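> A structural model of the following input is requested.
(2 chains)
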Amino acid sequence: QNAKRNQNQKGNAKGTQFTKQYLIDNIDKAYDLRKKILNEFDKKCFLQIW
Amino acid sequence: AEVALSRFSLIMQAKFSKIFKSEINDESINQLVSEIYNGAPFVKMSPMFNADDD
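Numbering: from 1, shown residues only, chains lettered A, B, ... in the order given. Dropping the coordinates below:
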């Protein structure tokens, strides 16, 4: 006797992570996110004298 | 002759300017006009390092 097989096959996978961290000292770095863009207009667009 | 050359060349480049340094169009001109050559003490400026050896 003869015998032939044909195992066709496929997979799939879709991982996802959403890890958030909360170190303490990030708010220290986040104190001046808008300050250095707001005084940029003082540096380049407004008369910095009385 | 060439030592007189060197004296004349030495006193011809012995002249002195006070360079103002700022981004150009009308920030620091009003400063020097109304407050340096008119002799004025107590000139007020912005905190933007504007004379921190500028």
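> where does chain B get nearest to chain A, which residue?
Per CB to the nearest CB, residue B:46 is where chain B lies closest to chain A, at 2.3 Å. From N, CA and C alone the C-beta is placed, and that goes for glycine too.
> quick check: that residue touching residue A:49?
Yes. Judged on CB atoms under 8 Å, residue B:46 makes contact with residue A:49 at a distance of 6.5 Å.
> give me the nearest residue to residue 50, chain neighbours excluded.
This is for chain A. residue B:44 (4.1 Å; CB to CB, 6 or more residues apart in numbering or on different chains).
> you looked at the wrong chain, it should be chain B
Excluding its sequence neighbours, the residue lying closest to residue B:50 (CB to CB, 6+ apart) is residue A:48, at 5.6 Å.
> what's the distance between that neighbour and residue B:54?
Distance, residue A:48 to residue B:54, using CB to CB, to the nearest Å: 11 Å.
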